[PDB]
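Just so it is clear, none of the values below were taken in a lab; they were calculated from the coordinates. Every residue, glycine as well, gets a Cβ built from its backbone with ideal geometry; the counts of neighbours run over all protein chains shown.
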């Protein structure tokens, strides 16, 4: 490392948070993400992602792996309904004893946001990554690390493990794996430790 390469690489965190967050937040047909989806399905991108090539290669291939289920079918099944979601992408599902939306962990996140002047529940996996990206982009690094350590990482690894195991569409399995690898890199570099919180699901 040196100061020049570090500065030139400043956007690695935020851009990867934005990609991962968007792909969990928006439908794969959205104007926001369809071009990214198309590139993951068809094009050469992995060299530009800030992970080791050996770790990325299987993931890039998994994105391109065929299913008879369409991406819009999978998105609906995984994130919308009507049947229970295999891995619901909201923090309070994992961190609240009753496993509801707008739970106690959601309120803890809200309080933290309010005390730091930061402004549908807020604890969606994709929403939290998009918020982390915004914080990093606006030079609020201390706050970004608290968001990750206290409000995302206590549940994200569990959510991702279940999602990867049960997604059942290669595109979304790959997205889960990419997120797991990327967030693990971030966790390993965090200045402060992850809050250890009970997980109920």
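Points to keep in mind about this one:
- All positions within the range 187-198 that are within 18 Å of the chain's Cα centre (by Cα) and in a loop (DSSP other than H, G, I, E, B): 190, 194, 195
- When the criteria are applied in full, residue 59 meets the requirement of being crowded, with 17+ Cβ neighbours inside 10 Å and in a helix (DSSP H, G or I).
Condition check ((1) out of contact with any strand residue (DSSP E or B) (no Cβ under 7 Å at 6 or more places or on another chain); (2) under 25 Å from residue 79 (Cβ atoms)) across all residues:
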residue: 101; (1), (2): no, yes
residue: 105; (1), (2): yes, yes
residue: 109; (1), (2): yes, yes
residue: 116; (1), (2): yes, no
residue: 123; (1), (2): no, yes
residue: 127; (1), (2): yes, yes
residue: 133; (1), (2): yes, yes
residue: 141; (1), (2): yes, no
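- Extreme residue, surrounded by the fewest Cβ atoms within 10 Å (Cβ to Cβ), among residues of the range 13-31 that are under 16 Å from the mean Cα position of the chain (by Cα) and over 14 Å from residue 129 (Cβ atoms): 27
- Odd one out for residue 124, checked against (1) under 26 Å from residue 40 (Cβ atoms); (2) crowded, with 18+ Cβ neighbours inside 10 Å; (3) touching a helix residue (DSSP H, G or I) at 6+ places or on another chain (Cβ under 6 Å): (3)
- The sole residue among 7, 102 that is surrounded by fewer than 17 Cβ atoms within 10 Å (Cβ to Cβ) and on the phi > 0 side of the Ramachandran plot is 102.
- Lone unmet requirement of (1) under 19 Å from residue 132 (Cβ atoms); (2) touching a helix residue (DSSP H, G or I) at 6+ places or on another chain (Cβ under 9 Å) for residue 67: (1)
- Residues in the range 87-133 that are outside any helix (DSSP H, G or I) and within 17 Å of residue 23 (Cβ to Cβ): 5 in all.
- Listed conditions (1) out of contact with any strand residue (DSSP E or B) (no Cβ under 8 Å at 6 or more places or on another chain); (2) closer than 22 Å to residue 120 by Cβ are all met by residue 64, apart from (2).
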